[PDB]
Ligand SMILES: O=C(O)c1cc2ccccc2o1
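The form solved without the ligand is given below as one chain in structure tokens.
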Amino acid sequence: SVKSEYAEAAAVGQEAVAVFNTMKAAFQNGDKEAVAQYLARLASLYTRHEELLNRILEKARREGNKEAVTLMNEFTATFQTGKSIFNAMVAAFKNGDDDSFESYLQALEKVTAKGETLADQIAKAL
């Protein structure tokens, strides 16, 4: 089964949600020095999670588990959307563009919330 690997990856996703939430508070309360620290931490988490998730997908394929593959592909689509928005948010922050940063923040909050729910549905199904 992929349960061990799924839980390992889910803990990384849980950290990304918590870090995102604190980063939002820092940005909207004017602590931009702190925002940069949280963006760097999120870059690590997105990198770690991407690689673990792709390995779970590949393991579900090696195990011949159609149900698992389907669910992990669905999670991947939402996960990779977030990673792309995150990359654009980092670029906006580098350029001092608060308007773009806030738009990307709102988009990422909704994508991460949807992924969080999806991750719950996957945990119940494995």
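What we label the rigid core is the largest C-alpha set whose atoms superpose within 1.5 Å from one form to the other. The first residue of the sequence shown is number 1, and the count goes up from there.
The discussion below concerns the form solved in complex with the ligand, not included here.
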Decide whether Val17 counts as a contact residue for the ligand in the bound PDB entry under a heavy atom distance cut-off of 4.5 Å. yes
Heavy atom to heavy atom, is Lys59 within 4.5 Å of the ligand in the bound PDB entry? no
Give a yes or no for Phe93: in the bound PDB entry, does one of its heavy atoms lie within 4.5 Å of a heavy atom belonging to the ligand? no
Pull the contact list for 102-126: residues with a heavy atom within 4.5 Å of the ligand in the bound PDB entry, in sequence order. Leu108, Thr112
Would you indicate which listed residue, out of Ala107, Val19, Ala25, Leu118, moves its Cα by 2 Å or more between the shown form and the other one relative to the superposed core? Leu118
